[PDB]
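Trainee: need the 3D shape of this:
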Amino acid sequence: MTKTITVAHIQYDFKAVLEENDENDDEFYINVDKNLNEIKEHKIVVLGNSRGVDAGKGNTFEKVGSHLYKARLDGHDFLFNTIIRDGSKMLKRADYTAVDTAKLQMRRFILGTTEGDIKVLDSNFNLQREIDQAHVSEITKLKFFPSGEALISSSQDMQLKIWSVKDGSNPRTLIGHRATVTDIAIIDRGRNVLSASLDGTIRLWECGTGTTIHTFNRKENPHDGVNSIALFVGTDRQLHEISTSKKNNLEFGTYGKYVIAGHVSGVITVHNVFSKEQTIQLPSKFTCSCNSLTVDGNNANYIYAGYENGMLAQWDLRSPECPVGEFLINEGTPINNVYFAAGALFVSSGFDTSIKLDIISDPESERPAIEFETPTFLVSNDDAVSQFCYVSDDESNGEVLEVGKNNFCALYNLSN
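Mentor: Numbering: from 1, shown residues only. Below is the structure:
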């Protein structure tokens, strides 16, 4: 089954190189990774020597849209998508570890840092509010509530905090985890939220009083840390809409919800948020940590999981025994993040790889399929992506925002 995704890195400033238009044979490189030990360096000569291009025998490089370039090198195809907006341009220096966006009241972005700070930005990426020392320690995750009026943060300080956007106040603090909180999921409008921790647990909170109302874990592996969770509405043979289930105390909209968890063991577990049962376990086929996972936004039978050794797997939850797709991305270096948006999978790998993989499905959404032979690379200056965020647009199919260390905050268009 297993396929390889061939990774390429284009020289960051290739546009400036194209633009110098002088007499002396200038080049830029595209490096294609074979394995942990081999990089194929392609010298693209700007030989059309201002903007014609010598890619060598049987190879091609061409501009195909405003911020989009295409290459064929040694029998493999590559797309390169360039930054449309450097969101970091006027931001004071920080290492970003978390990001989210909201549309509603007004377009905003929130960034969290290694130092426990939260920055609230407007639509121009200008600072509206900085919450200094929101936590004592690194912000691991940030989510806007659907209202856009509040946000929730998680930290290595073992806590989550809810913040008002209006006044930067901190009306709730969720205390109970015994190690780093690594992820957050908001249930419906967010009267309940879920958190995950390296302490091995997922906690279901009620935000009204800030208490934990349930703790989920692996029954035979209670201290198996959780790196990543996703919340989804279950597919089943009954209509949830006409349910006559009673409400659980202090639970709001849990009926029909499942939380899927990626563990340090590499096992992935699914819990029914309403009934509390562990319903599925996906085995640690790749014998290393599942660092990140995400649910297919069009078909919740499918999940995508990234592992510490560079395996990206697609799992069908109805067939927990074996993945339905396996793709190596620089085997031996970790997948840091996987994120589904706009019919595509965004993947952060190793020290500086960021990939958009198109997912194609048939008219029935019958089983999403990863377009592994035609990856698009989100071009950066060897920047590490900590987190992705989808930004909707009324005027296009939207953008993706990447953040990371060394004041990295970069916006990309998802159409040309």
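
Trainee: give the buried residues for stretch 356-372.
Mentor: Neighbour counts over stretch 356-372 (16 or more other CB atoms under 10 Å) mark 356, 357, 358, 359, 367, 368, 370, 372 as buried. Bear in mind the C-beta positions are built from the backbone N, C-alpha and C, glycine included.

Trainee: meant to ask about stretch 158-169
Mentor: 158, 159, 160, 161, 162, 163, 165.

Trainee: in the protein, which residue is most central in space?
Mentor: residue 339 (3.4 Å; CA atoms, centre = their mean).

Trainee: and that one, what does it touch?
Mentor: With contact set as CB atoms under 8 Å, 6 or more residues apart in numbering, residue 339 has these partners: 292, 294, 345, 346, 347, 387, 388, 390.

Trainee: try it again at 6 Å.
Mentor: By CB atoms under 6 Å, 6 or more residues apart in numbering, the contact list for residue 339 reads 294, 346, 388.

Trainee: name the strands paired with the one helix or strand it maps to and say parallel or antiparallel.
Mentor: In this structure, residue 339 sits in strand 335-341 according to DSSP states H and E. Sheet pairing for strand 335-341, assigned by DSSP bridges, gives strand 344-349 (antiparallel).

Trainee: related to what we said a few turns ago, give me the subset of the buried residues of stretch 158-169 lying in strands.
Mentor: Cross-referencing these against strands under DSSP state E gives 159, 160, 161, 162, 163.

Trainee: how close does the third one get to residue 172?
Mentor: Spelled out, that is residue 161. Look at residue 161 and residue 172: by CB to CB, to the nearest Å, they are 7 Å apart.

Trainee: need the overlap of contacts for the two.
Mentor: Overlap of the contact sets of residue 161 and residue 172 (by CB under 6 Å, 6+ apart) is empty.

Trainee: and the nearest residue to residue 53 once chain neighbours are set aside, what element?
Mentor: Among residues not flanking residue 53 along the chain, residue 61 sits closest, at 4.9 Å (CB to CB, 6 or more residues apart in numbering). In this structure, residue 61 sits in strand 60-65 according to DSSP H and E.

Trainee: buried sites along that strand?
Mentor: Within strand 60-65, the residues scored as buried using 16+ other CB under 10 Å are residue 61.

Trainee: which helix or strand lies directly C-terminal to it?
Mentor: Next along from strand 60-65, by DSSP H and E: strand 68-73.

Trainee: list the neighbouring strands of the helix or strand just after that next one plus their orientation.
Mentor: Sequence-wise, the next helix or strand downstream of strand 68-73 (DSSP H and E) is strand 76-81. Strand pairing for strand 76-81, using DSSP bridges, gives strand 68-73 (antiparallel), strand 376-378 (parallel).

Trainee: out of the ones you listed, nearest to residue 200?
Mentor: Residue 200 lies closest to strand 376-378 among the strands paired with strand 76-81, at 33.5 Å (CB to CB).

Trainee: any residues touching that closest one, and which ones?
Mentor: Applying CB under 6 Å, 6+ apart, the set of residues contacting strand 376-378 from outside is 79, 80, 81, 354, 356, 412.

Trainee: tell me which helix or strand comes right after that strand.
Mentor: strand 387-391.

Trainee: tell me the angle that following strand makes with strand 344-349.
Mentor: For strand 387-391 against strand 344-349, the angle by axes from the mean of the first three to the mean of the last three CA atoms, to 10 degrees is 160 degrees.

Trainee: strand 387-391: which residues count as buried?
Mentor: Neighbour-count burial for strand 387-391, counted by 16+ other CB under 10 Å, picks out 387, 388, 389, 390, 391.

Trainee: closest to residue 65 out of the residues you listed?
Mentor: Relative to residue 65, the closest of those is residue 391; by CB to CB it sits at 18.4 Å.

Trainee: so that closest one makes contact with residue 399?
Mentor: Yes - Residue 391 lies in contact with residue 399 (CB atoms under 6 Å); the separation is 4.4 Å.

Trainee: how about the contacts made by residue 354?
Mentor: Shown in contact with residue 354 (CB under 6 Å, 6+ apart): 348, 378, 385.

Trainee: tell me the one of those nearest residue 117?
Mentor: Checking the contacts of residue 354 against residue 117 by CB to CB gives residue 385 as the nearest, at 19.4 Å.

Trainee: and the spatially closest residue to the closest one that is not a sequence neighbour, what are its bridge partners?
Mentor: Spatially, and ignoring its direct neighbours in sequence, residue 385 is nearest to residue 348 (3.7 Å; CB to CB, 6+ apart). Beta-bridge partners for residue 348, by DSSP bridges, are residue 337, residue 354.

Trainee: any idea how far residue 112 is from residue 348?
Mentor: For residue 348 relative to residue 112 (CB to CB), the value is 16 Å.

Trainee: just confirm residue 186 contacts residue 192, I think it does.
Mentor: No - with contacts defined as CB under 6 Å, residue 186 does not count as touching residue 192, sitting 8.3 Å away.

Trainee: quick one, which of those two is more surrounded?
Mentor: Set residue 186 next to residue 192 and count neighbours by other CB atoms under 10 Å: residue 192 wins out with 24 against 18.

Trainee: hang on, the earlier thing: could I get the contacts of residue 339 as JSON lines with distance to residue 227?
Mentor: Formatted as JSON lines, the contacts of residue 339 follow (distance: CB to CB, whole Å):
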{"residue": "294", "distance to residue 227": "12"}
{"residue": "346", "distance to residue 227": "17"}
{"residue": "388", "distance to residue 227": "16"}
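
Trainee: closest to residue 36 among the residues you listed?
Mentor: Distances from residue 36 to the contacts of residue 339, taken by CB to CB, are shortest for residue 346, at 23.4 Å.

Trainee: contacting residues around that closest one?
Mentor: Counting by CB under 6 Å, 6+ apart, residue 346 touches 339, 356, 388.

Trainee: and those residues, which is closest to residue 137?
Mentor: Set against residue 137, the nearest of the contacts of residue 346 by CB to CB is residue 388 (22.8 Å).

Trainee: now the closest one, nearest residue through space, not along the chain?
Mentor: residue 339 (4.1 Å).

Trainee: residue 285 now?
Mentor: Here the residue nearest residue 285, using CB to CB, 6+ apart, is residue 323, at 6.7 Å.
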